[PDB]
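First up is the structure itself, then whatever we jot down about it.
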Amino acid sequence: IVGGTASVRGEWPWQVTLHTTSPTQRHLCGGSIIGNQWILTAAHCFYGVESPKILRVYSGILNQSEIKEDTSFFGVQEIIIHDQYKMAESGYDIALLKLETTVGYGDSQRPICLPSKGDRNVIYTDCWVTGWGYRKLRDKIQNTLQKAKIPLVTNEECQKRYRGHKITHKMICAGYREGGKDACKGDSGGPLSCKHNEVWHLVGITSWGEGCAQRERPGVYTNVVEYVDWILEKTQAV
Ligand SMILES: O=C(O)c1ccc(NC(=O)[C@@H]2[C@@H](c3ccccc3)CCN2C(=O)/C=C/c2cc(Cl)ccc2-n2cnnn2)cc1
C-alpha cells in the first residue's frame with residue numbers, strides 16, 4: 001500500500017495473506033474470507049501455480065513476523081479460477097480457494113459480506129484498500145498490514161485515465177486524481193472494503209494499475225457485485 005498507515009489488530013478480520021511454499025516460503029497475494037471454507041482472491045495470483053499443495057492461507061495476522069514454521073495455517077483443497085480469465089487487464093480477475101479445513105470465526109478472523117445485487121446502485125463513500133504490499137514501486141513486502149482510504153471513481157473517469165485499455169463494468173476503479181494512496185506490488189487479491197449502513201462489504205479485489213499511486217492513474221479492481229452469481233455458483237454447488 002502506498003500512503004497508508006499501520007492497521008490495528010483485528011481491524012480487517014476478513015484479510016488473509018496467501019503464501020507460496022515454492023521455491024521458498026513467502027507472501028504471494030492478499031485474499032478475503034467470504035465463507036467458512038472460502039477465500040476470494042485474484043486469478044492472476046496463480047500464474048505458474050501448478051498445484052494447491054504449495055499454498056498456505058494465514059488468517060488473523062497483523063504482522064508477517066507472526067508467521068514462522070510453527071504458525072497455524074489453512075491448506076488449500078482447490079483453486080477455482082474464473083474460466084473466462086485470460087489476464088488482469090482483460091477482466092474476470094477472480095478466484096476462489098476452497099480450504100481443506102473450516103475457518104473458526106472469532107474476533108481475529110471472520111467473513112466479509114458480499115455486495116447485494118440490490119446495492120448495484122449505492123454510492124460507497126467509505127472505501128479502504130489493505131495489504132502487506134510495497135510502499136513504492138521499488139520496495140519490499142511490509143511486516144504490518146497497511147490501510148488506505150481511497151475514493152471510488154466512475155467507469156467513465158477511469159476509462160479516460162486508461163487510454164488503450166477497455167475498462168469494463170466488471171471493473172471498479174479507485175484513487176485520487178493527484179495520486180499518493182493506492183495498492184502496490186503484493187497487495188493484489190486483497191479486498192477493497194466499503195462500509196455502508198454500518199456493514200462492511202467486499203466491493204473490489206485488488207487487480208492492476210499503471211504503476212503505484214500515480215497522478216491520474218486509479219487502481220483497477222474486480223467489481224465483486226458483478227460476480228455474486230458466479231461466487232454462489234461455485235460455493236453453493238449441489
Ligand atoms: O515478495 C515480493 O517481492 C512480491 C512482489 C510482488 C508481488 N505481487 C505483485 O506484484 C502482483 C502480481 C502477481 C502476484 C502473484 C502472482 C503473479 C503476479 C501482479 C501485479 N501485482 C499486484 O500486486 C498489483 C498491484 C497493483 C494494483 C493496483 Cl489496484 C494498482 C497498482 C498496482 N501496481 C502497478 N504496478 N505495481 N503495482 C508479490 C510479492
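The way I read the labels, and the way they are meant: chains A, B, ... in the order of the C-alpha cells, residue 1 as the first residue of every chain, and ligand 1 as the first ligand shown, with later ones counted on from there.
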Find the nearest atom pair between each residue of chain A and ligand 1 for residues within 8 Å, count only C-alpha atoms and all ligand atoms, give distances in Å to one decimal, sort rows by chain and ascending number, and present the table as JSON lines.
```
{"residue": "A:26", "atom": "CA", "partner": "ligand 1", "partner_atom_place_in_ligand_line": "1 (O)", "distance": 6.3}
{"residue": "A:27", "atom": "CA", "partner": "ligand 1", "partner_atom_place_in_ligand_line": "1 (O)", "distance": 5.9}
{"residue": "A:28", "atom": "CA", "partner": "ligand 1", "partner_atom_place_in_ligand_line": "38 (C)", "distance": 5.0}
{"residue": "A:29", "atom": "CA", "partner": "ligand 1", "partner_atom_place_in_ligand_line": "15 (C)", "distance": 5.8}
{"residue": "A:44", "atom": "CA", "partner": "ligand 1", "partner_atom_place_in_ligand_line": "17 (C)", "distance": 5.4}
{"residue": "A:45", "atom": "CA", "partner": "ligand 1", "partner_atom_place_in_ligand_line": "15 (C)", "distance": 3.7}
{"residue": "A:46", "atom": "CA", "partner": "ligand 1", "partner_atom_place_in_ligand_line": "16 (C)", "distance": 5.6}
{"residue": "A:47", "atom": "CA", "partner": "ligand 1", "partner_atom_place_in_ligand_line": "17 (C)", "distance": 5.1}
{"residue": "A:48", "atom": "CA", "partner": "ligand 1", "partner_atom_place_in_ligand_line": "16 (C)", "distance": 7.8}
{"residue": "A:133", "atom": "CA", "partner": "ligand 1", "partner_atom_place_in_ligand_line": "23 (O)", "distance": 6.8}
{"residue": "A:134", "atom": "CA", "partner": "ligand 1", "partner_atom_place_in_ligand_line": "5 (C)", "distance": 7.7}
{"residue": "A:137", "atom": "CA", "partner": "ligand 1", "partner_atom_place_in_ligand_line": "36 (N)", "distance": 6.1}
{"residue": "A:139", "atom": "CA", "partner": "ligand 1", "partner_atom_place_in_ligand_line": "3 (O)", "distance": 8.0}
{"residue": "A:140", "atom": "CA", "partner": "ligand 1", "partner_atom_place_in_ligand_line": "3 (O)", "distance": 5.7}
{"residue": "A:141", "atom": "CA", "partner": "ligand 1", "partner_atom_place_in_ligand_line": "1 (O)", "distance": 5.7}
{"residue": "A:173", "atom": "CA", "partner": "ligand 1", "partner_atom_place_in_ligand_line": "29 (Cl)", "distance": 7.8}
{"residue": "A:174", "atom": "CA", "partner": "ligand 1", "partner_atom_place_in_ligand_line": "29 (Cl)", "distance": 7.8}
{"residue": "A:182", "atom": "CA", "partner": "ligand 1", "partner_atom_place_in_ligand_line": "30 (C)", "distance": 6.1}
{"residue": "A:183", "atom": "CA", "partner": "ligand 1", "partner_atom_place_in_ligand_line": "28 (C)", "distance": 4.6}
{"residue": "A:184", "atom": "CA", "partner": "ligand 1", "partner_atom_place_in_ligand_line": "37 (N)", "distance": 3.8}
{"residue": "A:185", "atom": "CA", "partner": "ligand 1", "partner_atom_place_in_ligand_line": "23 (O)", "distance": 3.5}
{"residue": "A:186", "atom": "CA", "partner": "ligand 1", "partner_atom_place_in_ligand_line": "38 (C)", "distance": 3.5}
{"residue": "A:187", "atom": "CA", "partner": "ligand 1", "partner_atom_place_in_ligand_line": "23 (O)", "distance": 4.4}
{"residue": "A:188", "atom": "CA", "partner": "ligand 1", "partner_atom_place_in_ligand_line": "23 (O)", "distance": 3.8}
{"residue": "A:189", "atom": "CA", "partner": "ligand 1", "partner_atom_place_in_ligand_line": "23 (O)", "distance": 7.5}
{"residue": "A:206", "atom": "CA", "partner": "ligand 1", "partner_atom_place_in_ligand_line": "29 (Cl)", "distance": 4.6}
{"residue": "A:207", "atom": "CA", "partner": "ligand 1", "partner_atom_place_in_ligand_line": "29 (Cl)", "distance": 5.0}
{"residue": "A:208", "atom": "CA", "partner": "ligand 1", "partner_atom_place_in_ligand_line": "27 (C)", "distance": 3.8}
{"residue": "A:209", "atom": "CA", "partner": "ligand 1", "partner_atom_place_in_ligand_line": "31 (C)", "distance": 3.8}
{"residue": "A:210", "atom": "CA", "partner": "ligand 1", "partner_atom_place_in_ligand_line": "34 (C)", "distance": 5.0}
{"residue": "A:211", "atom": "CA", "partner": "ligand 1", "partner_atom_place_in_ligand_line": "34 (C)", "distance": 3.8}
{"residue": "A:212", "atom": "CA", "partner": "ligand 1", "partner_atom_place_in_ligand_line": "31 (C)", "distance": 4.5}
{"residue": "A:213", "atom": "CA", "partner": "ligand 1", "partner_atom_place_in_ligand_line": "31 (C)", "distance": 6.8}
{"residue": "A:218", "atom": "CA", "partner": "ligand 1", "partner_atom_place_in_ligand_line": "30 (C)", "distance": 7.0}
{"residue": "A:219", "atom": "CA", "partner": "ligand 1", "partner_atom_place_in_ligand_line": "29 (Cl)", "distance": 3.7}
{"residue": "A:220", "atom": "CA", "partner": "ligand 1", "partner_atom_place_in_ligand_line": "29 (Cl)", "distance": 4.7}
{"residue": "A:221", "atom": "CA", "partner": "ligand 1", "partner_atom_place_in_ligand_line": "29 (Cl)", "distance": 5.7}
```
Inset, instruction - Using DSSP on the backbone, list every residue of stretch 7-226 of chain A that comes out as helix (DSSP H, G or I), and give them as an MDAnalysis selection string. - result: chainID A and resid 43:46 52:54 64:66 88:90 117:119 155:161 224:226
Only C-alpha atoms, please: the residues just picked out, written as a short mmCIF file (atom, residue, chain, number, x, y, z; two decimals), in the first residue's frame.
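The result, written out as part.cif:
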```cif
data_model
loop_
_atom_site.label_atom_id
_atom_site.label_comp_id
_atom_site.auth_asym_id
_atom_site.auth_seq_id
_atom_site.Cartn_x
_atom_site.Cartn_y
_atom_site.Cartn_z
CA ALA A 43 -6.91 -15.17 -10.58
CA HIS A 44 -3.57 -13.61 -11.62
CA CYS A 45 -2.13 -14.68 -8.27
CA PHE A 46 -1.88 -18.28 -9.61
CA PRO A 52 -2.79 -26.02 -4.47
CA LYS A 53 -0.27 -28.11 -2.38
CA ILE A 54 2.20 -25.17 -2.36
CA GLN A 64 4.09 -11.12 8.78
CA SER A 65 6.66 -11.74 11.56
CA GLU A 66 3.83 -13.76 13.35
CA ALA A 88 -5.90 -8.99 -15.13
CA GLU A 89 -6.10 -6.15 -17.73
CA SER A 90 -8.87 -8.01 -19.69
CA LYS A 117 -27.28 -7.35 -6.16
CA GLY A 118 -29.80 -4.75 -4.85
CA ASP A 119 -26.85 -2.49 -3.85
CA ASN A 155 -16.17 3.87 -15.14
CA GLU A 156 -16.27 6.92 -17.46
CA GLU A 157 -13.48 8.69 -15.50
CA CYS A 158 -11.38 5.55 -15.19
CA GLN A 159 -11.66 4.87 -18.94
CA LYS A 160 -10.32 8.45 -19.61
CA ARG A 161 -7.26 7.54 -17.45
CA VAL A 224 -17.32 -8.02 -6.93
CA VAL A 225 -21.05 -7.14 -7.23
CA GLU A 226 -20.84 -8.36 -10.89
#
```
Inset, instruction - Go through A:59, A:33, A:80, A:51 and flag the residue nearest residue A:234, using only C-alpha atoms for the distances. - result: A:80
Legend entry - Distance query residue A:102 at most 7 Å, only C-alpha atoms, self and fewer than 2 positions along chain excluded, as a list in words: residues 36, 37, 99 and 104 of chain A
Restricting the output to N, CA, C and O atoms, write the selected residues as a CSV table (one decimal), in the first residue's frame.
```csv
chain,number,residue,atom,x,y,z
A,36,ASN,N,-16.9,-20.1,5.5
A,36,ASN,CA,-16.0,-20.8,6.4
A,36,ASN,C,-15.0,-21.7,5.8
A,36,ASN,O,-14.0,-22.2,6.4
A,37,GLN,N,-15.1,-22.0,4.4
A,37,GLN,CA,-14.0,-22.7,3.8
A,37,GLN,C,-13.7,-22.0,2.5
A,37,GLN,O,-13.1,-22.6,1.6
A,99,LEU,N,-10.8,-24.2,1.2
A,99,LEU,CA,-9.8,-24.6,2.2
A,99,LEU,C,-10.0,-26.1,2.6
A,99,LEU,O,-11.2,-26.6,2.5
A,104,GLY,N,-12.5,-21.2,11.9
A,104,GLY,CA,-13.3,-21.0,13.1
A,104,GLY,C,-13.4,-19.5,13.3
A,104,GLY,O,-12.4,-18.8,13.5
```
Legend entry - Using only C-alpha atoms: which of A:50, A:25, A:4, A:107 has the shortest distance to residue A:68: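 Of the candidates, the smallest distance to residue A:68 is held by A:25.
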Legend entry - Spatial neighbours of stretch 12-16 of chain A, 6 Å, only C-alpha atoms, chain gap at least 2 places, as an MDAnalysis selection string: chainID A and resid 10 30:33 58:59 108:112
Restricting the output to N, CA and C atoms, write the selected residues as an mmCIF file, in the first residue's frame.
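Writing done, so here's again_10.cif:
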```cif
data_model
loop_
_atom_site.group_PDB
_atom_site.id
_atom_site.type_symbol
_atom_site.label_atom_id
_atom_site.label_comp_id
_atom_site.auth_asym_id
_atom_site.auth_seq_id
_atom_site.Cartn_x
_atom_site.Cartn_y
_atom_site.Cartn_z
ATOM 1 N N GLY A 10 -7.044 -6.879 14.395
ATOM 2 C CA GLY A 10 -8.464 -7.192 14.237
ATOM 3 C C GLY A 10 -9.276 -6.179 13.459
ATOM 4 N N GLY A 30 -2.919 -11.172 -1.317
ATOM 5 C CA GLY A 30 -3.948 -10.958 -0.313
ATOM 6 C C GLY A 30 -5.162 -11.779 -0.710
ATOM 7 N N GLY A 31 -6.152 -11.797 0.142
ATOM 8 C CA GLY A 31 -7.403 -12.503 -0.085
ATOM 9 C C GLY A 31 -8.366 -12.122 1.003
ATOM 10 N N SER A 32 -9.621 -12.521 0.848
ATOM 11 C CA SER A 32 -10.684 -12.256 1.825
ATOM 12 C C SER A 32 -11.451 -13.498 2.165
ATOM 13 N N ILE A 33 -11.736 -13.680 3.445
ATOM 14 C CA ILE A 33 -12.585 -14.776 3.923
ATOM 15 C C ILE A 33 -14.022 -14.369 3.564
ATOM 16 N N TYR A 58 -3.003 -17.774 5.691
ATOM 17 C CA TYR A 58 -2.896 -17.324 7.071
ATOM 18 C C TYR A 58 -3.948 -16.272 7.354
ATOM 19 N N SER A 59 -4.743 -16.495 8.389
ATOM 20 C CA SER A 59 -5.777 -15.587 8.854
ATOM 21 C C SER A 59 -5.400 -15.087 10.246
ATOM 22 N N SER A 108 -10.501 -12.322 15.686
ATOM 23 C CA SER A 108 -9.347 -12.151 14.797
ATOM 24 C C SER A 108 -9.586 -12.530 13.343
ATOM 25 N N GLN A 109 -10.645 -13.324 13.072
ATOM 26 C CA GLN A 109 -10.933 -13.849 11.741
ATOM 27 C C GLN A 109 -12.409 -14.109 11.583
ATOM 28 N N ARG A 110 -13.006 -13.448 10.601
ATOM 29 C CA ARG A 110 -14.424 -13.598 10.307
ATOM 30 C C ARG A 110 -14.719 -13.154 8.870
ATOM 31 N N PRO A 111 -15.867 -13.526 8.269
ATOM 32 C CA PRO A 111 -16.088 -13.196 6.859
ATOM 33 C C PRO A 111 -16.604 -11.801 6.588
ATOM 34 N N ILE A 112 -16.405 -11.356 5.358
ATOM 35 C CA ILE A 112 -16.921 -10.083 4.867
ATOM 36 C C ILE A 112 -18.113 -10.413 3.967
#
```
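Between atom CA of residue A:62 and atom CA of residue A:135 the separation is 16.5 Å.
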Inset, instruction - Please identify which residues in stretch 143-202 of chain A DSSP calls strand (DSSP E or B) from the backbone, and express them as a list in words. - result: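 Going through stretch 143-202 of chain A, the strand (DSSP E or B) residues come out as residues 144, 146, 147, 148, 149, 152, 153, 171, 172, 173, 174, 182, 191, 192, 193, 194, 195, 196, 199, 200, 201 and 202 of chain A.
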Write the residues of the selection above to a file with N, CA and C atoms, as a PDB file, in the first residue's frame.
```
ATOM      1  N   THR A 144       3.751  -5.005   8.741  1.00  0.00           N
ATOM      2  CA  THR A 144       2.442  -4.660   9.267  1.00  0.00           C
ATOM      3  C   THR A 144       1.458  -4.393   8.158  1.00  0.00           C
ATOM      4  N   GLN A 146      -1.126  -2.694   6.098  1.00  0.00           N
ATOM      5  CA  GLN A 146      -1.373  -1.275   5.873  1.00  0.00           C
ATOM      6  C   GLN A 146      -2.756  -1.065   5.348  1.00  0.00           C
ATOM      7  N   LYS A 147      -3.299   0.135   5.590  1.00  0.00           N
ATOM      8  CA  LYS A 147      -4.623   0.516   5.127  1.00  0.00           C
ATOM      9  C   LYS A 147      -4.573   1.893   4.504  1.00  0.00           C
ATOM     10  N   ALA A 148      -5.461   2.152   3.542  1.00  0.00           N
ATOM     11  CA  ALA A 148      -5.556   3.469   2.910  1.00  0.00           C
ATOM     12  C   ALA A 148      -6.955   3.695   2.450  1.00  0.00           C
ATOM     13  N   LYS A 149      -7.509   4.853   2.763  1.00  0.00           N
ATOM     14  CA  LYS A 149      -8.862   5.196   2.328  1.00  0.00           C
ATOM     15  C   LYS A 149      -8.753   5.788   0.910  1.00  0.00           C
ATOM     16  N   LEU A 152     -13.810   5.913  -4.712  1.00  0.00           N
ATOM     17  CA  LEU A 152     -14.244   5.230  -5.924  1.00  0.00           C
ATOM     18  C   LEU A 152     -14.340   6.258  -7.061  1.00  0.00           C
ATOM     19  N   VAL A 153     -14.053   5.813  -8.274  1.00  0.00           N
ATOM     20  CA  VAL A 153     -14.020   6.608  -9.495  1.00  0.00           C
ATOM     21  C   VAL A 153     -15.025   5.937 -10.453  1.00  0.00           C
ATOM     22  N   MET A 171     -15.180  -4.099 -13.811  1.00  0.00           N
ATOM     23  CA  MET A 171     -14.056  -3.452 -13.130  1.00  0.00           C
ATOM     24  C   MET A 171     -14.568  -2.258 -12.380  1.00  0.00           C
ATOM     25  N   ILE A 172     -13.932  -1.930 -11.265  1.00  0.00           N
ATOM     26  CA  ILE A 172     -14.231  -0.770 -10.454  1.00  0.00           C
ATOM     27  C   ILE A 172     -12.890  -0.102 -10.123  1.00  0.00           C
ATOM     28  N   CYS A 173     -12.799   1.208 -10.331  1.00  0.00           N
ATOM     29  CA  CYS A 173     -11.559   1.949 -10.083  1.00  0.00           C
ATOM     30  C   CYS A 173     -11.649   2.798  -8.857  1.00  0.00           C
ATOM     31  N   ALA A 174     -10.484   3.068  -8.273  1.00  0.00           N
ATOM     32  CA  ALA A 174     -10.375   3.866  -7.066  1.00  0.00           C
ATOM     33  C   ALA A 174      -9.045   4.553  -7.021  1.00  0.00           C
ATOM     34  N   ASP A 182      -2.791   4.182  -2.825  1.00  0.00           N
ATOM     35  CA  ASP A 182      -3.181   3.126  -3.764  1.00  0.00           C
ATOM     36  C   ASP A 182      -2.633   1.800  -3.321  1.00  0.00           C
ATOM     37  N   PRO A 191      -8.750  -7.305  -0.446  1.00  0.00           N
ATOM     38  CA  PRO A 191     -10.009  -6.569  -0.562  1.00  0.00           C
ATOM     39  C   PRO A 191      -9.931  -5.056  -0.745  1.00  0.00           C
ATOM     40  N   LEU A 192     -10.992  -4.512  -1.346  1.00  0.00           N
ATOM     41  CA  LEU A 192     -11.370  -3.120  -1.387  1.00  0.00           C
ATOM     42  C   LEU A 192     -12.706  -3.164  -0.610  1.00  0.00           C
ATOM     43  N   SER A 193     -12.639  -2.873   0.684  1.00  0.00           N
ATOM     44  CA  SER A 193     -13.753  -2.973   1.650  1.00  0.00           C
ATOM     45  C   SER A 193     -14.425  -1.619   1.819  1.00  0.00           C
ATOM     46  N   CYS A 194     -15.749  -1.577   1.643  1.00  0.00           N
ATOM     47  CA  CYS A 194     -16.519  -0.356   1.795  1.00  0.00           C
ATOM     48  C   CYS A 194     -17.558  -0.550   2.879  1.00  0.00           C
ATOM     49  N   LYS A 195     -17.702   0.452   3.770  1.00  0.00           N
ATOM     50  CA  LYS A 195     -18.683   0.439   4.856  1.00  0.00           C
ATOM     51  C   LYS A 195     -19.958   1.176   4.423  1.00  0.00           C
ATOM     52  N   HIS A 196     -21.106   0.507   4.504  1.00  0.00           N
ATOM     53  CA  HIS A 196     -22.396   1.073   4.122  1.00  0.00           C
ATOM     54  C   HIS A 196     -23.443   0.600   5.096  1.00  0.00           C
ATOM     55  N   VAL A 199     -22.205  -1.717   7.869  1.00  0.00           N
ATOM     56  CA  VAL A 199     -21.781  -3.061   7.481  1.00  0.00           C
ATOM     57  C   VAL A 199     -20.690  -2.954   6.424  1.00  0.00           C
ATOM     58  N   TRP A 200     -19.628  -3.763   6.562  1.00  0.00           N
ATOM     59  CA  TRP A 200     -18.553  -3.804   5.568  1.00  0.00           C
ATOM     60  C   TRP A 200     -18.904  -4.776   4.448  1.00  0.00           C
ATOM     61  N   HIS A 201     -18.659  -4.340   3.211  1.00  0.00           N
ATOM     62  CA  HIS A 201     -18.919  -5.124   2.010  1.00  0.00           C
ATOM     63  C   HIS A 201     -17.670  -5.210   1.166  1.00  0.00           C
ATOM     64  N   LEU A 202     -17.482  -6.361   0.521  1.00  0.00           N
ATOM     65  CA  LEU A 202     -16.354  -6.597  -0.337  1.00  0.00           C
ATOM     66  C   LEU A 202     -16.709  -6.086  -1.694  1.00  0.00           C
TER      67      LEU A 202
END
```
Legend entry - Counting only C-alpha atoms, the option among A:177, A:150, A:8, A:115 closest to residue A:128: A:150
